[PDB]
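Colleague: First the structure, then my questions, so here it is.
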Amino acid sequence: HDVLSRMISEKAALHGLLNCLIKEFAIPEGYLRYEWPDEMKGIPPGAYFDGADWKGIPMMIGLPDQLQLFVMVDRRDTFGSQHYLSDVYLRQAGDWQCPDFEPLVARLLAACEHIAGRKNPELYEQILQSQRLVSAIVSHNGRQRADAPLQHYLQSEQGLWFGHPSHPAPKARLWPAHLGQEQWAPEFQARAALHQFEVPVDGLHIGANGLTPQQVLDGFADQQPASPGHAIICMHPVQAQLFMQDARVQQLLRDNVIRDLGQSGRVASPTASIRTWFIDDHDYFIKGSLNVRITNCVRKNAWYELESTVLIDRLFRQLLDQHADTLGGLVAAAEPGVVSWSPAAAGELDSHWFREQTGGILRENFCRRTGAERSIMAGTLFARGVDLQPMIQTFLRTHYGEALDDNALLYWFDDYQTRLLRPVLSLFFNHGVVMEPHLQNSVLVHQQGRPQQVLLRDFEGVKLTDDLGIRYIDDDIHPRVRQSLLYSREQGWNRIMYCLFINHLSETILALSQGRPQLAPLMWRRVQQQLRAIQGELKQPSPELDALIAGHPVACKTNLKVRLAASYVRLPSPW
């Protein structure tokens with residue numbers, strides 16, 4: 001079982017790396033051919049030939065350091081979404097080889113490093129560490145029914161075994177090592193009581209929408225233990241350990257100005273975002289700062305960001321009330337409450353530090369409103385299970401009473417895509433509101449398998465265009481919070497492109513059409529039609545939409561190229 005788990009994890013990892021290679025270099029720079037090699041010596045027949053036919057289509061990548069890559073794929077895809085049907089062969093001077101995982105990664109990286117002209121051995125390490133975690137993960141969860149992550153929201157958050165599917169090291173998480181992974185890994189069904197402090201109320205910065213400051217505090221922590229003039233704040237246990245190494249906190253603990261309460265907060269389970277916690281049957285998610293690098297960001301939230309949260313949440317309520325008819329059926333998770341602390345006399349830069357350390361966001365637990373059994377995170381929905389099969393296939397067969405034919409499938413997709421596209425594009429063109437509707441920021445609400453809503457999340461990412469979305473922001477807003485939220489229209493459109501089409505739906509189509517690649521052309525064609533529809537539904541000019549429909553190239557955010565340097569490339573349209 002362990003060897004098998006190592007094997008699973010390696011295939012996953014190399015796949016995600018191929019994704020990076022193909023999306024970020026091979027296609028934009030014309031290194032990719034759908035052809036058979038000249039000499040084939042080194043490849044066993046069984047790798048491209050199944051007894052009856054070729055195992056799909058041959059993929060060639062010649063790299064300008066004279067390295068060549070060969071893999072069998074199920075489909076020709078302009079966003080570089082396809083199943084890999086063989087192991088990976090490399091060639092150099094003649095003679096194909098199938099290197100072990102570690103030697104393979106190394107050389108593939110050396111290839112990119114060469115095009116980019118720049119090295120990162122930090123990256124190689126992270127690639128290795130990511131995969132060895134996936135090995136642990138698969139070995140832990142390898143006994144379960146493959147599609148258990150789809151039966152329950154929490155399990156949907158703890159079942160993204162492989163993380164971002166187009167990422168060199170999706171599961172790289174760099175904590176002071178003595179702390180371990182397991183205790184904080186959703187993939188291990190981690191639970192921890194939150195860490196808690198007593199702080200004097202006069203240092204508190206609270207934002208609240210439709211709630212009292214007190215209620216915001218209750219959301220985070222039962223305030224009962226608090227002595228007069230004081231309140232209880234909570235924090236990622238890891239974040240509290242880091243927080244306490246700082247002599248400024250040392251000083252405050254010694255002078256009794258604040259108190260270390262223990263892991264005495266609510267018992268919660270971190271979600272796939274790691275720093276956001278879920279509490280079954282509580283009105284809120286708890287989001288907090290974590291000064292730890294995770295898939296390359298450190299997961300801090302700055303003062304002005306804490307502050308922007310409040311404005312976006314307040315904007316979203318206005319729009320859902322007064323402008324419902326133009327939000328394309330938007331369902332979004334409210335972020336109505338914000339807390340942070342700093343000493344009353346702290347002085348500007350300590351104040352910033354302190355609030356960034358202690359900042360917390362209250363997010364609506366949509367599950368009360370939606371049913372835990374009925375909500376699944378998009379990322380997991382369209383991810384692979386512990387047996388490398390997409391989980392969606394068996395999940396839907398259990399709901400539909402029988403195996404879905406092509407028509408059942410095409411129909412399901414249509415129902416899904418429309419509930420993503422309409423809200424987001426209606427937010428952009430009509431109101432200049434820029435969402436980040438990638439897979440981690442989306443939640444399917446279904447009824448016996450049938451799509452009802454694609455809930456959208458994460459006000460942190462929301463942005464307001466300089467030409468339209470600006471006007472919703474007041475002149476009484478601090479210049480830094482304003483800058484934080486401001487985007488150019490070009491910027492907005494770039495992010496939306498990456499997210500909707502390449503990040504999100506490209507994956508949807510791939511999971512849905514696994515084993516039936518002929519559906520892909522058909523699903524994308526439905527996406528085009530859907531775009532024309534939305535357009536004629538719209539209250540403001542949308543020339544970026546004409547362009548997309550017309551088959552202009554699509555923006556693609558990079559996960560490998562960025563690390564070796566260049567953030568967006570351009571992928572050919574699927575129509």
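Chains: A, B, ... in order of the structure tokens. Residues: from 1 per chain. Ligands: from 1, in order shown.
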So which bits of stretch 278-362 of chain A end up strand (DSSP E or B) when you DSSP the backbone, as a PyMOL selection string?
Modeller: chain A and resi 278+284-288+290-294+297-299+332+337-341+360-362
Colleague: Name the residues in contact with residue A:470 at a cut-off of 9 Å, using only C-alpha atoms, excluding same-chain residues fewer than 4 positions from it; report them as a JSON list (two decimals) with C-alpha atoms, in the first residue's frame.
Modeller:
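File written: result-v2.json
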```json
[["chain", "number", "residue", "atom", "x", "y", "z"],
["A", 432, "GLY", "CA", -16.76, 47.08, -12.59],
["A", 464, "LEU", "CA", -12.52, 47.68, -8.38],
["A", 465, "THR", "CA", -11.82, 48.99, -11.90],
["A", 466, "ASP", "CA", -10.42, 52.48, -12.39],
["A", 474, "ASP", "CA", -15.82, 57.06, -1.27],
["A", 482, "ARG", "CA", -8.05, 52.78, -2.20],
["A", 485, "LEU", "CA", -8.56, 47.84, -4.29],
["A", 486, "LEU", "CA", -7.82, 49.73, -7.50],
["A", 487, "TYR", "CA", -7.30, 47.83, -10.75]]
```
Colleague: What lies within 7 Å of residue A:231 using only C-alpha atoms, ignoring chain neighbours under 6 positions off, as a PyMOL selection string?
Modeller: chain A and resi 198-201+223
Colleague: Tell me, in Å to one decimal, how far atom CA of residue A:173 is from atom CA of residue A:556.
Modeller: 24.2 Å
Colleague: For stretch 128-215 of chain A against stretch 17-38 of chain A, with a cut-off of 12 Å and counting only C-alpha atoms, what is the closest atom pair and its distance in Å to one decimal for every residue that makes the cut, ordered by chain and number, as a Markdown table?
Modeller:
```
| residue | atom | partner | partner_atom | distance |
| --- | --- | --- | --- | --- |
| A:128 | CA | A:17 | CA | 11.7 |
| A:130 | CA | A:17 | CA | 11.7 |
| A:131 | CA | A:17 | CA | 11.1 |
| A:162 | CA | A:17 | CA | 11.9 |
| A:164 | CA | A:19 | CA | 10.5 |
| A:165 | CA | A:19 | CA | 7.6 |
| A:166 | CA | A:19 | CA | 5.2 |
| A:167 | CA | A:20 | CA | 6.2 |
| A:168 | CA | A:17 | CA | 5.0 |
| A:169 | CA | A:17 | CA | 8.2 |
| A:170 | CA | A:17 | CA | 10.0 |
```
Colleague: How about saving the chosen residues, N, CA and C atoms kept, as a JSON list (two decimals), in the first residue's frame?
Modeller:
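What follows is the written file result38.json:
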```json
[["chain", "number", "residue", "atom", "x", "y", "z"],
["A", 128, "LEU", "N", 10.06, 18.51, -4.55],
["A", 128, "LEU", "CA", 10.27, 17.29, -3.77],
["A", 128, "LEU", "C", 9.45, 17.23, -2.48],
["A", 130, "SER", "N", 6.73, 18.83, -1.67],
["A", 130, "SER", "CA", 5.32, 18.81, -2.01],
["A", 130, "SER", "C", 4.87, 17.38, -2.27],
["A", 131, "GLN", "N", 5.54, 16.73, -3.21],
["A", 131, "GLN", "CA", 5.27, 15.35, -3.57],
["A", 131, "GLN", "C", 5.37, 14.33, -2.40],
["A", 162, "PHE", "N", -4.26, 16.81, -4.04],
["A", 162, "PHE", "CA", -3.16, 17.24, -4.94],
["A", 162, "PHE", "C", -3.03, 18.76, -5.05],
["A", 164, "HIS", "N", -3.49, 22.58, -6.23],
["A", 164, "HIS", "CA", -3.59, 23.23, -7.50],
["A", 164, "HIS", "C", -3.03, 22.28, -8.54],
["A", 165, "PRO", "N", -3.84, 21.95, -9.58],
["A", 165, "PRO", "CA", -3.44, 20.95, -10.57],
["A", 165, "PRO", "C", -2.51, 21.49, -11.68],
["A", 166, "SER", "N", -2.32, 22.80, -11.73],
["A", 166, "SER", "CA", -1.28, 23.38, -12.60],
["A", 166, "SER", "C", -0.23, 24.17, -11.82],
["A", 167, "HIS", "N", 0.49, 23.47, -10.96],
["A", 167, "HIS", "CA", 1.39, 24.09, -10.03],
["A", 167, "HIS", "C", 2.57, 23.16, -9.86],
["A", 168, "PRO", "N", 3.80, 23.70, -9.86],
["A", 168, "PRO", "CA", 5.00, 22.88, -9.59],
["A", 168, "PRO", "C", 5.08, 22.21, -8.20],
["A", 169, "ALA", "N", 4.60, 22.88, -7.15],
["A", 169, "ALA", "CA", 4.68, 22.34, -5.80],
["A", 169, "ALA", "C", 3.49, 22.77, -4.95],
["A", 170, "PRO", "N", 2.28, 22.34, -5.33],
["A", 170, "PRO", "CA", 1.04, 22.81, -4.72],
["A", 170, "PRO", "C", 0.95, 22.65, -3.19]]
```
Colleague: Set the distance at 6 Å and use only C-alpha atoms: which residues neighbour residue A:430 once local chain neighbours fewer than 3 positions away are removed? I'd like the list as a ChimeraX atom specification.
Modeller: /A:426-427,539-540
